[PDB]
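Participant: only geometry, no sequence info:
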């Protein structure tokens, strides 16, 4: 049971049950499903993303800063912060992407438009196609940096 990638897990050093997606790295308290079969994955998806780059990114530069110097660890902290802010309701994904994404797609509020498999880096692609419409990923690591991905179509 559960849709692709999803497993019921428990927090360590704690003990709360939650649900984790091994492909998108999403975590949530809510069971991800409440009978459709042979549905497979979509042939095309549209996504927005918020990218946080770090010193080890394939291109450690962005419209936000000539030279990205933050560490991968510091980038992950930022990503975790943005996810928390979006889930709390204090911020919205598009506003954060417009302001803080290291990708040039910040100018389109994070929107990358529609794409097919073979078009993006593997971890980004796998996460995007494993998201259902309206879902947000957890931290997704690629050679570019660390992404939060929102599937819009």
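Facilitator: Received it, and whenever you're ready, just let me know what you need. Numbers count the residues shown, from 1 in each chain.
Participant: and the longest helix for this protein?
Facilitator: Longest helix in the chain, counting residues (DSSP state H): helix 72-88.
Participant: which is the next helix or strand following that helix?
Facilitator: Counting by DSSP states H and E, the element after helix 72-88 in chain order, helix or strand, is helix 93-100.
Participant: Distance from the chain centre to that following helix, please.
Facilitator: 13 Å (C-alpha atoms, centre = their mean, to the nearest Å).
Participant: Quick one: residues in contact with that helix.
Facilitator: Helix 93-100 is contacted from outside by 48-50, 52, 64, 78, 82, 85-86, 105-107, 109-110, 136, 148, 150, using C-beta atoms under 8 Å, 6 or more residues apart in numbering. The way it works is simple: take the backbone N, C-alpha and C, and place the C-beta from them, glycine included.
Participant: Could you tell me which of the residues you listed count as buried?
Facilitator: Buried members of the contacts of helix 93-100, scored by 16 or more other C-beta atoms under 10 Å, are 48-50, 52, 78, 82, 86, 105-106, 109-110, 136, 148, 150.
Participant: now, which of those residues lie within strands?
Facilitator: 48, 49, 50, 52, 148, 150 (DSSP state E).
Participant: if I read this right, the third one contacts residue 101, doesn't it?
Facilitator: This means residue 50. Yes: using C-beta atoms under 8 Å, residue 50 is in contact with residue 101, at 4.5 Å.
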